[PDB]
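Have a look at the structure below, then the notes.
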Amino acid sequence: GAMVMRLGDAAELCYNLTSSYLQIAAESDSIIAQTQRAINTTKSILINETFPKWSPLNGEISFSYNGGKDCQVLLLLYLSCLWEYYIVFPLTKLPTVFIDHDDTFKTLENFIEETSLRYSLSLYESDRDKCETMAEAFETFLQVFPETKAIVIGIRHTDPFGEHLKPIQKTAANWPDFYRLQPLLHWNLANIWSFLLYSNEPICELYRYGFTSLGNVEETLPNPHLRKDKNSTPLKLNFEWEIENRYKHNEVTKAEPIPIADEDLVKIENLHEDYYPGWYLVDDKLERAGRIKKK
Ligand SMILES: OC[C@H]1O[C@@H](O)[C@H](O)[C@@H](O)[C@@H]1O
Ligand SMILES: [Cl-]
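Using PDB author numbering, the letters of the sequence shown correspond one by one to residues -3 to 84, 98 to 304.
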């Protein structure tokens, strides 16, 4: 039982849940309203600024997907926009690129594979056993796919190296030559959680265990700001409505969380502490707080 959707069905599903999110009744000072505004900006970037210039069909656009929450939100919106642009289906699998590393969480590896099957992506993975820079990995990716003109990148202004980015932007001089398409820059952490929880799509289950940012296995811990302690003020949930009223699937689109990898549960159990899930954090400045101390 691996949930598989043909690409067209996946795109239609994402259009429907995104449209449904946009129809949520919310007050003007709410996280949900702000997320609706962020969705509309993302849609404009893709439908108005991107697709008229580069084809998402003929190989001109590839999607950089690393299984994390930002990439996942962006993929859902990208699929929604493919449906909206072309219908509102000419493609069997969507070209996707993952830069793999030897210190990636096993649960994240599993999730990338699961989601590649779920959304009928055509996954290319760089070689995790090659010692090389990201630019080098993409240079090899361009040699395999020389038709690529632009790459969709799930990154936010609050992320490291996010400050001086724009929605459409050529790569650095030491990269292969393509346009970076960066339609998620204006999203905040709270918007990410709101949309992702409402979508009722499977997400990387590490977030459920207190992780807020998935760095590498050696550095990354559950966020200490989410550690449960009788002597700390309990944390309040900002996404109760989204969870309780999350998008209802049909028979063609049913979903289930996949449990974390055994090796990751062992690492979590060894901490002898419990954490609120990642969506109890909404402060962007503390997103990467869960880290091993280094000099
Ligand atoms: O304007 C950005 C891009 O738009 C595309 O439709 C053109 O074919 C490219 O030559 C150009 O770089
Ligand atoms: Cl993350």
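In this text, a Cβ means the ideal position worked out from N, Cα and C, and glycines have one as well.
{"Asked": "heavy atom of ligand 2 below 7 Å from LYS115 C-beta", "Found": "no"}
{"Asked": "Collapsed DSSP secondary structure at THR221 in the structure displayed", "Found": "coil"}
{"Asked": "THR124: first and last residue of the uninterrupted beta strand (DSSP E) it sits in", "Found": "Counting along the chain, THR124 falls outside any beta strand (DSSP E), though it belongs to the alpha helix (DSSP H) covering 115 to 127."}
{"Asked": "Close beta carbons around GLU282, own chain, < 6 Å, minus the five adjacent residues each side", "Found": "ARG236"}
{"Asked": "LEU223 beta carbon near ligand 2 (any heavy atom closer than 7 Å)", "Found": "yes"}
{"Asked": "Local conformation of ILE57 per DSSP, three classes", "Found": "strand"}
{"Asked": "Proximity to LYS175 [Cα-Cα], best of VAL261, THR46 and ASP271", "Found": "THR46"}
{"Asked": "Distance CB(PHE59)-CB(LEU103) smaller than 8 Å", "Found": "yes"}
{"Asked": "7 Å Cβ shell around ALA146 - same chain, five flanking residues per side excluded", "Found": "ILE108 and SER135"}
{"Asked": "Closer than 7 Å: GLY64 CB and nearest ligand 2 heavy atom", "Found": "yes"}
{"Asked": "The segment 287 to 300 / the segment 221 to 228 touching (three or more Cβ pairs under 8 Å)", "Found": "yes"}
{"Asked": "Residues near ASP112 in its chain [Cβ-Cβ closer than 7 Å; skip 5 each side]", "Found": "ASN225, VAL226 and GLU227"}
{"Asked": "Burial state of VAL161, where buried means 16 or more other Cβ atoms lie within 10 Å", "Found": "buried"}
{"Asked": "Extent of the continuous beta strand (DSSP E) to which residue 346 belongs", "Found": "Because the chain in this structure spans residues -3 to 304, residue 346 falls outside the shown range and cannot be described."}
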